[PDB]
Structure formats: structure tokens, C-alpha cells
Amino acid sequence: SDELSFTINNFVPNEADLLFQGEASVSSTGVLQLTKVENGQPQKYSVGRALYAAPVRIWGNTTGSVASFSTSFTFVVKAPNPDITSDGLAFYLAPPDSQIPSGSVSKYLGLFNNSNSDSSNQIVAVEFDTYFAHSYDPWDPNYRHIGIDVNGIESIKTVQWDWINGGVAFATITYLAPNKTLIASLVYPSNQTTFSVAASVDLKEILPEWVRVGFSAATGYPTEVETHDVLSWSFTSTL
């Protein structure tokens, strides 16, 4: 594909154009629930991933060009016990066939097996990290944050994010190919607060020609559970 664009205003149960991994799924009410919820209550140690069914062409060696893209989606992270929550969700690009790694992966938002930034992971992600205690996440700044990750959970760049328990967030992620710059942005219309981050990233150097795009999220200790619900999602890429 040289141009791919899709808009999902309302998710549908077992949505055909979505590849589900782990405990992810969309509720009868139309929300993409990354982590498991029962009776409206988020469940402990849940890991989920949803990907758009069609692989996306990120670059062409025959062409020499690289894709520029932009994604926007709305989500809610509602926790019964706000004080300390875990772990957060993230939008990411990975190889078409990636699976959730085996092992302790909650503090890695379901994207990694460990802290390392292994070049083989081939993963570019934008995380919305809700857990930052150094006892379990020693690589995190001391506050909830939005970070840009490249082959590793230790964000190459972050910004402080003032999460609103149950607040509806509108986030857009944009990649300017010509400028190898990935920028992330989040807004809470309810508080009129904004957050943003940018980092240099050369997709040609990190990701393969084809990749699948989507979301990943994880839940940890029971007293810190929160939801990772996505309500809308639009994606556009142009090669």
C-alpha cells in the first residue's frame, strides 16, 4: 500500500478488521478494552494488544521513500484507586507477526521481555505510562508520563503527563518522514490541559518494510488496576 487510511468511530464486538492478542477485546458497548474488565471493574495482571488487520508499508527500497503518518484516538484510563496505578497503554508499530512476549511483561506495557533496547525488537511506540516507582520501573521519571520508545521500555524522551482518572483524552501521534521526527500530543478537553513530546527517529533504520500498527496495554498489582479503553481511532499513512 502507498497510502492507507482508516477511521473507526465506534468499535464493534469481535471487530473483523482488528487482530486481538492476549485479553484484549471490544465490549458490547463498543469500547476497545485492552486489559480485561469484568462488571466494569479492571482486572489484575491483564495484558492485551489490538492491531489493525492490514499490514502497513513504512518504506520502499525500490522507491527510496519513507512513510509519513498521523494517528488520533480517544481513550480513558479509569482506576478505582487513583493514588497508584499500573501500568499504562501505548500505540506502537512492530513487525506484522509480533506476539506478546513471554514472561513478566506488565511493567513493559506488554511490549518487552526486559529493559534492554535490543535493535532486534524493531518497535517504535508512544507510551502513556501510569506507573513510575523506581522499585519496579527504575528507568522511569518520577511522575506519570508520555514517552517515546524505540526498541526498549526506557523512553528516549518523555514529558510529564497529568493523568485524569476517568477523563476522556484525545491524543494524536505524527511522524514527519522528511524530518525523521516523531511527535506525540495529548489533550483533556475537560481541564483544557495539554502535553507534548518529540524525538528524532529514523523508521528506515528501526522498522522493516512492512509492519502492523496498534495498541498495547497491561495491568499489574490488584490494588493499582485501571482500565485502558480506546473509544476512537483514525490512522493515515502516505508513502
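Residue numbers here begin at 1 and follow the sequence given.
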Task: Of 60-68 and 194-202, the one with larger mean CA B-factor - done: 60-68
TODO: Return whichever of 163-171 and 97-105 has the greater mean Cα B factor according to the PDB record.
DONE: 97-105
- [ ] Would you mind checking which of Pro189, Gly30, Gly214, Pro42 has the top Cα temperature factor in the PDB entry?
- [x] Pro42
Task: CA B-factor placement of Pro141, once the chain's modelled residues are sorted into thirds - done: highest
TODO: Quick one: classify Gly152 as lowest, middle or highest third of the chain based on its Cα B-factor.
DONE: lowest
- [ ] Report the third (lowest, middle or highest) to which the CA temperature factor of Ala50 belongs, ranking only the modelled residues of the same chain.
- [x] middle
Task: For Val26, the third of its chain into which the C-alpha B factor falls - done: middle
Open item on the list: Going by the CA temperature factor in the PDB record, which third of the chain does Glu127 belong to: lowest, middle or highest?
Closed with: lowest
